[PDB]
């Protein structure tokens, strides 16, 4: 039960599902690692305001609507990942940049 979604954009933001792996990550967007009863909101350092606001909405949906409330949403920042994220993805590499939005 693992999914990853990329949250990329500006004023129109898209949440697209992606491989569960560090390779999918970049330092400029937000990602949502669905871990069942725990949901990880991870935003790159160079994330924009919009992505982080939509990222929060995407998280809400999984908990409220796919996990019927039974889920905690943990917000973290590039370089300060929860031990549980590193357990799943292995140790984080120097992440590549994000593209234009």
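Residue numbers count along the first chain shown, from 1.
Visitor: Please work out which of 24-32 and 60-68 has the higher mean CA B-factor as recorded in the PDB entry.
Guide: Higher mean C-alpha B-factor: 60-68.
Visitor: Go through 90, 9, 93, 19 one by one and give the residue whose Cα B-factor in the PDB entry is largest.
Guide: Answer for 90, 9, 93, 19: 90, with the highest C-alpha B-factor.
Visitor: Can you work out whether the C-alpha temperature factor of residue 81 puts it in the lowest, middle or highest third of the chain?
Guide: It belongs to the lowest third of the chain when residues are ordered by C-alpha B-factor.
Visitor: Sorting by Cα B-factor within the chain, modelled residues only, which third would residue 75 end up in: lowest, middle or highest?
Guide: It belongs to the highest third of the chain when residues are ordered by C-alpha B-factor.
Visitor: Among all modelled residues of this chain, ranked by Cα B factor, put residue 43 in the bottom, middle or top third, i.e. lowest, middle or highest.
Guide: Middle third.
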